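Okay, final-v7.csv now, which holds CSV, C-alpha atoms:
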chain,number,residue,atom,x,y,z
A,81,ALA,CA,-14.5,22.1,52.4
A,82,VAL,CA,-14.3,18.9,54.5
A,83,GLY,CA,-14.2,20.8,57.7
A,84,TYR,CA,-17.2,23.0,56.8
A,85,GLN,CA,-19.3,20.0,55.7
A,86,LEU,CA,-18.4,18.1,58.9
A,87,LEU,CA,-19.3,21.1,61.0
A,88,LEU,CA,-22.6,21.4,59.2
A,89,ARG,CA,-23.2,17.7,60.0
A,90,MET,CA,-22.3,17.9,63.7
A,91,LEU,CA,-23.9,21.3,64.5
A,92,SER,CA,-27.2,19.5,65.4
A,93,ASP,CA,-25.4,17.5,68.1
A,94,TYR,CA,-25.0,20.5,70.3
A,95,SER,CA,-28.4,22.0,69.5
A,96,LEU,CA,-27.1,24.9,67.4
A,97,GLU,CA,-28.1,26.6,64.1
A,98,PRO,CA,-25.9,27.7,61.2
A,99,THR,CA,-25.7,31.4,60.4
A,100,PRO,CA,-26.1,32.4,56.7
A,101,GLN,CA,-22.4,33.4,56.5
A,102,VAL,CA,-21.3,29.9,57.5
A,103,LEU,CA,-23.6,28.4,54.9
A,104,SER,CA,-22.2,30.7,52.2
A,105,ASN,CA,-18.6,29.8,53.1
A,106,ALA,CA,-19.4,26.1,53.1
A,107,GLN,CA,-21.1,26.4,49.7
A,108,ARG,CA,-18.1,28.3,48.3
A,109,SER,CA,-15.7,25.7,49.6
A,110,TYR,CA,-17.8,22.8,48.3
A,111,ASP,CA,-18.0,24.4,44.9
A,112,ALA,CA,-14.2,24.8,44.9
A,113,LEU,CA,-13.7,21.2,45.8
A,114,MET,CA,-16.2,20.0,43.2
A,115,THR,CA,-14.5,22.1,40.5
A,116,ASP,CA,-11.2,20.1,40.9
A,117,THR,CA,-12.8,16.7,40.1
A,118,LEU,CA,-14.6,17.3,36.8
A,119,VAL,CA,-15.1,14.5,34.3
A,120,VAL,CA,-16.7,15.6,31.0
A,121,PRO,CA,-17.0,12.0,29.6
A,122,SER,CA,-16.7,13.2,26.0
A,123,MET,CA,-19.0,10.6,24.3
A,124,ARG,CA,-17.6,8.5,21.5
A,125,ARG,CA,-19.0,7.6,18.1
A,126,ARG,CA,-21.9,5.3,17.3
A,127,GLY,CA,-20.3,2.0,16.1
A,128,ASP,CA,-21.8,1.6,12.7
A,129,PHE,CA,-20.9,5.1,11.6
A,130,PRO,CA,-19.2,4.9,8.1
A,131,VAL,CA,-15.6,6.0,7.7
A,132,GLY,CA,-15.2,8.1,4.7
A,133,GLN,CA,-13.0,7.3,1.7
A,134,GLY,CA,-10.8,10.3,2.7
A,135,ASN,CA,-9.3,8.2,5.5
A,136,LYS,CA,-7.9,5.7,3.0
A,137,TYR,CA,-9.4,2.6,4.6
A,138,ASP,CA,-7.9,0.5,1.7
A,139,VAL,CA,-4.2,0.9,2.6
A,140,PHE,CA,-3.8,3.1,5.7
A,141,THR,CA,-6.3,1.6,8.2
A,142,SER,CA,-7.6,-1.9,7.5
A,143,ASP,CA,-11.1,-1.3,9.1
A,144,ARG,CA,-13.8,0.7,7.2
A,145,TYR,CA,-16.1,1.4,10.2
A,146,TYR,CA,-15.7,3.0,13.6
A,147,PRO,CA,-14.7,0.4,16.2
A,148,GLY,CA,-16.6,1.5,19.3
A,149,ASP,CA,-14.0,-0.1,21.7
A,150,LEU,CA,-10.4,0.2,22.8
A,151,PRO,CA,-8.0,-1.4,20.3
A,152,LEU,CA,-5.1,-3.5,21.7
A,153,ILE,CA,-2.3,-5.7,20.4
A,154,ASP,CA,-2.8,-9.1,22.2
A,155,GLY,CA,-5.7,-8.7,24.7
A,156,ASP,CA,-8.1,-8.5,21.7
A,157,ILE,CA,-11.2,-8.4,24.0
B,52,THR,CA,-8.3,14.4,18.6
B,53,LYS,CA,-7.6,12.5,21.8
B,54,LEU,CA,-11.3,12.1,22.6
B,55,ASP,CA,-11.0,10.6,26.0
B,56,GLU,CA,-7.6,8.9,25.6
B,57,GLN,CA,-8.0,7.5,22.1
B,58,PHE,CA,-7.3,8.7,18.5
B,59,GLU,CA,-10.6,8.5,16.7
B,60,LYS,CA,-10.3,10.3,13.4
B,61,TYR,CA,-12.7,12.8,11.7
B,62,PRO,CA,-15.1,11.3,9.1
B,63,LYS,CA,-14.0,12.4,5.6
B,64,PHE,CA,-16.7,11.7,3.1
B,65,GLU,CA,-15.9,12.3,-0.6
B,66,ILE,CA,-18.5,13.1,-3.2
B,67,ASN,CA,-16.7,13.6,-6.5
B,68,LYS,CA,-18.7,16.1,-8.6
B,69,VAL,CA,-15.9,17.8,-10.7
B,70,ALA,CA,-15.2,14.9,-13.1
B,71,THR,CA,-18.4,15.1,-15.1
B,72,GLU,CA,-17.4,17.9,-17.4
B,73,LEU,CA,-13.9,16.4,-17.8
B,74,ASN,CA,-15.5,13.1,-18.9
B,75,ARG,CA,-17.7,15.0,-21.3
B,76,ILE,CA,-14.8,16.7,-22.9
B,77,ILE,CA,-12.8,13.5,-23.2
B,78,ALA,CA,-15.8,11.8,-24.8
B,79,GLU,CA,-16.2,14.8,-27.1
B,80,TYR,CA,-12.6,14.3,-28.3
B,81,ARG,CA,-12.8,10.5,-28.6
B,82,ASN,CA,-16.0,10.8,-30.7
B,83,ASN,CA,-14.2,12.9,-33.3
B,84,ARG,CA,-10.5,12.1,-33.5
B,85,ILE,CA,-8.2,14.3,-35.7
B,86,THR,CA,-4.9,13.5,-37.4
B,87,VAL,CA,-2.3,15.1,-39.8
B,88,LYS,CA,-3.3,15.9,-43.4
B,89,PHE,CA,-1.0,17.1,-46.2
B,90,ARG,CA,-2.4,19.6,-48.7
B,91,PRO,CA,-1.2,19.7,-52.3
B,92,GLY,CA,0.3,22.8,-53.9
B,93,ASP,CA,0.0,24.4,-57.4
B,94,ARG,CA,2.3,22.1,-59.3
B,95,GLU,CA,2.0,19.4,-61.9
B,96,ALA,CA,2.7,16.5,-59.5
B,97,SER,CA,1.9,17.9,-56.1
B,98,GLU,CA,-1.2,15.7,-55.8
B,99,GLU,CA,0.6,12.4,-56.1
B,100,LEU,CA,3.2,13.6,-53.6
B,101,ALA,CA,0.6,14.6,-51.1
B,102,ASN,CA,-1.2,11.3,-51.5
Is it possible to express this structure as structure tokens?
Amino acid sequence: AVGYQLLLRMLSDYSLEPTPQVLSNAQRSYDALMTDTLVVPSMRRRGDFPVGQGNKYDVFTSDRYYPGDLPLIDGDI
Amino acid sequence: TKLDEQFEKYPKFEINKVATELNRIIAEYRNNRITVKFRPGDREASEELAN
């Protein structure tokens, strides 16, 4: 993918044009590279969303609402 | 689930709707309580014994 993109960039230096097959190969390689670096951020909750009584917020977990941030032990924001 | 390297839990809301009839039955009993009663027989002194 890197080689094909670099060739596409430097083709104009020597006054050439890219044939459609080269473009298709470069597109396929770029798609293959972009596949390997997906993110999918997977959005979190709101922050004031209630936590139901089914989670036993009285004894199991002290908080009764969704945090909205990473809990820690000593950094404590 | 992990949910981007955490352990956020599913919301679990509870709306109790099955205790209404149970409370109604309990109130029905507590409004009219029952106990043990002794009935007399066909003798000369069964009434005093039952009392």
What residues in chain A have any atom no more than 6 Å from chain B when counting all atoms listed in the file, and can you write them as a ChimeraX atom specification?
/A:131-134
Give me, please, the distance in Å between CA of residue 150 (chain A) and CA of residue 124 (chain A), quoted to one decimal.
11.1 Å
Neighbouring residues of region 75-90 of chain B were defined as those with any atom within 10 Å, considering only C-alpha atoms; residues of the same chain fewer than 4 positions away were excluded. Please report them as a PyMOL selection string.
chain B and resi 70-71+97-98+100-102
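Between CA of residue 149 (chain A) and CA of residue 129 (chain A) the interatomic distance comes to 13.3 Å.
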Work out how far apart CA of residue 85 (chain A) and CA of residue 98 (chain A) are and give it in Å to one decimal.
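Taking CA of residue 85 (chain A) and CA of residue 98 (chain A), their separation equals 11.5 Å.
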May I have the protein, DNA and RNA residues with an atom at most 12 Å from (-22.9, 21.2, 59.0), counting only C-alpha atoms in the file's coordinates, returned as an mmCIF file with C-alpha atoms, in the coordinates of the input?
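Ended up saving to out.cif:
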data_model
loop_
_atom_site.group_PDB
_atom_site.id
_atom_site.type_symbol
_atom_site.label_atom_id
_atom_site.label_comp_id
_atom_site.auth_asym_id
_atom_site.auth_seq_id
_atom_site.Cartn_x
_atom_site.Cartn_y
_atom_site.Cartn_z
ATOM 1 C CA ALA A 81 -14.500 22.100 52.400
ATOM 2 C CA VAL A 82 -14.300 18.900 54.500
ATOM 3 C CA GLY A 83 -14.200 20.800 57.700
ATOM 4 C CA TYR A 84 -17.200 23.000 56.800
ATOM 5 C CA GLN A 85 -19.300 20.000 55.700
ATOM 6 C CA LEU A 86 -18.400 18.100 58.900
ATOM 7 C CA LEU A 87 -19.300 21.100 61.000
ATOM 8 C CA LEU A 88 -22.600 21.400 59.200
ATOM 9 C CA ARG A 89 -23.200 17.700 60.000
ATOM 10 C CA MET A 90 -22.300 17.900 63.700
ATOM 11 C CA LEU A 91 -23.900 21.300 64.500
ATOM 12 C CA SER A 92 -27.200 19.500 65.400
ATOM 13 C CA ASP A 93 -25.400 17.500 68.100
ATOM 14 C CA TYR A 94 -25.000 20.500 70.300
ATOM 15 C CA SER A 95 -28.400 22.000 69.500
ATOM 16 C CA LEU A 96 -27.100 24.900 67.400
ATOM 17 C CA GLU A 97 -28.100 26.600 64.100
ATOM 18 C CA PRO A 98 -25.900 27.700 61.200
ATOM 19 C CA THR A 99 -25.700 31.400 60.400
ATOM 20 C CA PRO A 100 -26.100 32.400 56.700
ATOM 21 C CA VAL A 102 -21.300 29.900 57.500
ATOM 22 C CA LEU A 103 -23.600 28.400 54.900
ATOM 23 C CA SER A 104 -22.200 30.700 52.200
ATOM 24 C CA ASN A 105 -18.600 29.800 53.100
ATOM 25 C CA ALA A 106 -19.400 26.100 53.100
ATOM 26 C CA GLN A 107 -21.100 26.400 49.700
ATOM 27 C CA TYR A 110 -17.800 22.800 48.300
#
